[PDB]
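Read on for two forms of one protein chain; each stands alone as structure tokens, with the labels structure 1 and structure 2.
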Structure 1
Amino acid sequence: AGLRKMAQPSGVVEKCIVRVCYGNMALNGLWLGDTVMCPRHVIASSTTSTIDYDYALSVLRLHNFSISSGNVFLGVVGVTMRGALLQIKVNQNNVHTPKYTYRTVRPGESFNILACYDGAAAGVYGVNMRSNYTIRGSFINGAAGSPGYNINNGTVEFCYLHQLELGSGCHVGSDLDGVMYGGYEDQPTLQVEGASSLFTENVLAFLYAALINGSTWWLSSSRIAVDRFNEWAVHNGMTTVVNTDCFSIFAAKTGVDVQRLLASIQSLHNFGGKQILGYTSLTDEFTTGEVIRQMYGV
């Protein structure tokens, strides 16, 4: 019983964190094979005015780098630009490099953040990509380069490198190809993120976990078709439901079908002073896959 936002174990990723310093700037990098990836603003001269990154790279003194894994310093062989990352060839292979891939995640997908400072892991927590391409993180200056990852079958799928905080405390990274999520700019300028919409299919996975854990007070016999729901959703800060077949396993072992949960969603959009698994408002941070593993282990 129970539902907790949890991360996958972080040990295979801890071995890949390095400290990247250049000038007055210090952040984290990811050391896989013989290359270190890090946010390119580590070579930016300032962060009040706009940054010309191609110029910053042209004047780069390779020797002014300082890349270390613990007290083991890495010699820099070359530095090239990869979108909003630097790709830094170093003179040593990371013998502890795991099997790994890159994948760019979509809104509604969960992944793990290994929050790092000074090139060392400090914390690990799960996040979920919001519709405005931000995450509800906890990062302070020096956290950039912290990786986001998933682990499947012993392969580490790297999907995020931390970059910046938006005007509100939303957090933005890029993928490992160097493409900023949501197209935000790694410039210290006025940019405001769009309005976030609750990912409904995640809200449904949460309510099913709530049912599986004995929370039923919010459940109605009242029932609403997917159609009239989507009409209400777009005026009420939620997304549309498309595939309901991912809820077949949940309907099957609770006896509760989506349309009843969808109608519960509209009533709960207010909990009346009550709680659901400790929450006093709807959360879209849990995916059906997370919920399935926590209730059944598969």
Structure 2
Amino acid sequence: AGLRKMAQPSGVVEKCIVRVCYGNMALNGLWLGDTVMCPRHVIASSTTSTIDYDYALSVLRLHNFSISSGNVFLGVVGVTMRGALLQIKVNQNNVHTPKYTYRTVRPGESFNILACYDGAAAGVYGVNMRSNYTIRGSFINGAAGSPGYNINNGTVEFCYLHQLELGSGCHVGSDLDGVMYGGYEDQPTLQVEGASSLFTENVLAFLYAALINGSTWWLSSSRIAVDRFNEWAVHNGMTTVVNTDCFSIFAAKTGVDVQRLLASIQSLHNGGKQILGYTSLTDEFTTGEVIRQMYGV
């Protein structure tokens, strides 16, 4: 009845991971139907220089690939490049292909990361898309191609394929159409991520989950309208509040409306105490996650 960052169960995704090797390089791939999706930088090597990917695809040789699902080798039939991904046609279907779609995450949305190494799932944990389009992950070299997914009502939505670690430690991926999140480039060049504003609706979900669990000292007596808050938010590293309907069930079980939380926020953005053992305001938790851990409808 506390609050844990949680992953949705990973079984419907574990059997879609493969190892993708190309000459000296190796990373992970996502095998759906008869196609393996993987970061295009498996086919080019570069420490400091940029990479000419249209050129490296042209000098590609199919018989240089070596792809495996566990210890079973798959035959490479062909390859096209889509964005920062390779689409590799193989000689057989994955019979464990789930019912799935592709979706691109917006900032603030939560999703799960199946952390993979040498073509096998090793760990799973929940993340949240930051406003600068990075995530706070735990990846080392050889984890590229680790996928991110949400399970929505029986259907796996694949939303992320891991690409790189920015110089600052934050993690960047593409969606499964090959679009790099945030417009970052899959290059070893210097790239500094823009400022990350806290996603306010998740901070609201967090504060509500604090009340439901006891934390209440921070609650302000004042009350600010979404309109007046939103004029302030965009200059103080926080997003506007668009939908407030999602919080009515929290205002019920707590007796605090969103306007009194928006007033506390304008003070907390504060040395001090530990709200739910947190020192700053966290936007890791969506209204969804918080309700599914507190109630479960």
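Reference numbering: structure 1, starting with residue 1. Take the two forms, superpose them, and find the largest set of C-alpha atoms that agree within 1.5 Å; that set is the rigid core.
Novice: Superposing the core, which one of 81, 225, 166, 122 shows a C-alpha shift reaching 2 Å or more between structures 1 and 2?
Specialist: Comparing the C-alpha positions, the one residue that moves 2 Å or more is 225.
Novice: Given a superposition on the rigid core, I'd like a yes or no on whether residue 68 shifts its C-alpha by 2 Å or more between structures 1 and 2.
Specialist: No: residue 68 shifts by under 2 Å between structures 1 and 2.
Novice: Take the rigid core as the frame of reference and indicate whether the C-alpha of residue 251 shifts by 2 Å or more between structures 1 and 2.
Specialist: No.
Novice: By how many angstrom is the CA atom of residue 242 displaced between structures 1 and 2 after fitting on the core?
Specialist: Displacement of the alpha carbon, after core fit: 2.3 Å.
Novice: Quick one: how many Å does the C-alpha of residue 190 shift between structures 1 and 2 once the rigid core is superposed?
Specialist: Taking the core as reference, the C-alpha of residue 190 is shifted 1.2 Å.
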